[PDB]
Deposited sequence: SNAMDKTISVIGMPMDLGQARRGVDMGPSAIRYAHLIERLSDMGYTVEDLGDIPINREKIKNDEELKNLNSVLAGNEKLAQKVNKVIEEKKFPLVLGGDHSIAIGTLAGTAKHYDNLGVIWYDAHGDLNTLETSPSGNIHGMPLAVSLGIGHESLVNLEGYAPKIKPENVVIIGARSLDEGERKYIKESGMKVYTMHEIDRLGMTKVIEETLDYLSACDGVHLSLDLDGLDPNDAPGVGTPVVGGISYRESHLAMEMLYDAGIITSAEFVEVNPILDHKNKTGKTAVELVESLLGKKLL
């Protein structure tokens, strides 16, 4: 019944551009709005938020401030926030506008990367490799304290699915924090059905759950158009099943689909995949 509020974040910042600012346009090009309207939802496209050691800190901070304020307003209006990226640093703004509305927000971090870096552990200084750490209260003070509170989330309320690119500092933190992580090894061993059932078990006491889906979580064969492709990822079929299972559980209260990069895509295969996954997450069925 909730209206879907779509917010685009054409952010492509860091040591070098990767082409992900074009992600929102490519997702819309795959008919996102019409597909959600056809499913019976009231859809409001709020358009794109304007975007200008720690690369581009001021621009990352300003865009995330605008995103946090817009996501906060959507939640206050009892609407579902759907954010399109854009580099994964936008999770800083999305979680800042969302977490204060829940006593115990869960986060499903669907990505090849853990994005748990600080400037001390990052081989690049890229803020898009730090948003999960920042949201857990670890990192640059201005990013950690966005919107005047911290931390946004607790490590026991995070589940990472699809991880296959973690540096030494990120691995040390996951082990020390006891964070729940399904690397490609456990997806291969358990199967996506059991990974999602266990993820739903794990986050069962959360009063809201945010899905932060990076298209780079999928294998480059299925999602070639991403900012930083990593070999050996989740299939389209496994991702489609996961979105169907999340819809059936009724636990997802916010979501962002990020890192779509038309420069490396093939005739918008990745933009189309993002829309198919959003449709499944919002209740579309094959029968």
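- When the deposited sequence is numbered from 1, the segments without any C-alpha atom are 1-4, 57-64.
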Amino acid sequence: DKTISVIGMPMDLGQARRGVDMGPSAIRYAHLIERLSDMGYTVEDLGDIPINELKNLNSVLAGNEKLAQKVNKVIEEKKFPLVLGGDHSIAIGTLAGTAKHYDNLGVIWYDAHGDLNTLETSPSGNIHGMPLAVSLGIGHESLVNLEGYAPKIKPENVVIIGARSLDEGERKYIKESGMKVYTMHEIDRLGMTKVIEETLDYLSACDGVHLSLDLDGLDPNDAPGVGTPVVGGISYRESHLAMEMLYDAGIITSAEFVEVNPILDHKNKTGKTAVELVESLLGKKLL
From here on, numbers count along this sequence of modelled residues.
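- Set 171-179 against 91-99 and average the Cα temperature factors; 171-179 ends up higher.
- Remark: stretch with higher mean C-alpha B factor among 210-218 and 142-150 is 142-150.
- Between the residues 161, 107, 196, 119, the entry's highest C-alpha temperature factor is the one at 119.
- In the deposited coordinates, the residue among 261, 59, 235, 254 with the greatest CA B-factor is 59.
- Ranked against the other modelled residues of its chain, the C-alpha B-factor of residue 186 as given in the entry falls in the highest third.
- Ranked by Cα temperature factor within the chain, residue 20 sits in the lowest third according to the deposited record.
- Among the modelled residues of its chain, residue 227 has a C-alpha B-factor that falls in the middle third, as given in the PDB entry.
- In the deposited entry, the Cα temperature factor of residue 132 places it in the lowest third of its chain's modelled residues.
- The deposited CA B-factor of residue 125 belongs to the highest third of values across its chain.
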